[PDB]
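A.B. asks:
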Amino acid sequence: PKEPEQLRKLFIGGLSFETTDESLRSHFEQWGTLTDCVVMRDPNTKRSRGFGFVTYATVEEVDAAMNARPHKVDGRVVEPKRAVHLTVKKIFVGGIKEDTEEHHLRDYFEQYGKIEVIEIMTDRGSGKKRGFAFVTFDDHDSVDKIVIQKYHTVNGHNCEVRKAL
Ligand SMILES: CN1CC[C@H](Oc2cccc(F)c2)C1=O
């Protein structure tokens, strides 16, 4: 049972105009089997549009490629992103109620990426927990992995997680 193809793709921006299907493939095959690899070109001039995409056989291979950033492809640092692009480093986490603490959020979310800020929201008047939080990571891929999951279970609660700002 293969993961949906959409979840196995990486959109690569910032390509050198000299990158080809073949050179993009040779680079990204270092992190997995590529079932597809395309440089986007103008239909008349054939000149590169400066971006393309690759499709891996599995999501773990996407992860491996993302974990190997920064990628210098044909002499230029490129910008790979997965499909979810609203590129942000912060998430809203809702439904955590009053008993969820910082360490619950950190122990779970730290496995998606490096956390810089955890903000458990409290009432401006009473100080009581409001039941939601924001987590800021050092990089957008953490957020992208998070928001494509169907479910997040933290401190026994099924949470609603969305990109923030
Ligand atoms: C999630 N996004 C935003 C841009 C990207 O657009 C494309 C579309 C086709 C080929 C390609 F190489 C890139 C995409 O599908």
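Sequence positions in the sequence shown follow the deposited numbering and run 7 to 90, 101 to 181.
Idealized CB from N, CA, C, for every residue including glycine.
Sorted by chain position, which residues of the same chain lie with C-beta nearer than 8 Å to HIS33's C-beta, five sequence neighbours on each side aside?
C.D. replies: Only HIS77, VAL79 and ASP80 meet the Cβ criterion.
A.B. asks: Measuring only from the beta carbon, is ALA71 closer than 7 Å to any heavy atom that is part of ligand 1?
C.D. replies: Every heavy atom of ligand 1 is 7 Å or more from the Cβ of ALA71, so no.
A.B. asks: If you follow the alpha helix (DSSP H) that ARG122 is in, where does it begin and where does it stop?
C.D. replies: Start and end: 118 to 125.
A.B. asks: With DSSP collapsed to three states, give me the class of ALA70.
C.D. replies: Three-state result, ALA70: helix.
A.B. asks: Nearer than 7 Å: is that true of the beta carbon of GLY58 relative to any heavy atom of ligand 1?
C.D. replies: Under cutoff, so the answer is yes.
A.B. asks: Is it true that the CB of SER54 sits closer than 8 Å to the CB of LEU21?
C.D. replies: Yes, Cβ-Cβ distance for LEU21 and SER54 is below 8 Å.
A.B. asks: Can you give the beta carbon distance from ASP157 to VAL90, rounded, assuming they're within the 8 Å contact cut?
C.D. replies: In fact, because the Cβ distance is near 10 Å, the residues do not count as touching under 8 Å.
A.B. asks: At the level of alpha carbons, what is the spacing between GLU135 and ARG88?
C.D. replies: In a straight line, the C-alpha of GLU135 is about 26 Å away from that of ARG88.
A.B. asks: With burial defined as no fewer than 16 other Cβ atoms inside 10 Å of the residue's Cβ, what is the status of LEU16: buried or exposed?
C.D. replies: Looking at its Cβ environment, which holds 16 or more other Cβ atoms inside 10 Å, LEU16 is buried.
A.B. asks: Report back the beta-carbon spacing between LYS106 and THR152 to the nearest angstrom; my notes put them in contact at under 8 Å.
C.D. replies: The Cβ separation is near 5 Å, so the contact holds.
A.B. asks: Count the CB pairs spanning the stretch 121 to 135 and the stretch 55 to 75 that are closer than 8 Å, and state whether there are at least three.
C.D. replies: Because the criterion of three Cβ pairs below 8 Å is not met, the stretch 121 to 135 and the stretch 55 to 75 do not touch.
A.B. asks: Output the boundary residues of the alpha helix (DSSP H) element that contains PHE34.
C.D. replies: 27 to 34 is the extent of the alpha helix (DSSP H) around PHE34.
A.B. asks: For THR41, which of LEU13, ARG47 and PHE23 has the nearest alpha-carbon?
C.D. replies: Among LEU13, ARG47 and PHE23, the Cα nearest to that of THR41 is on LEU13.
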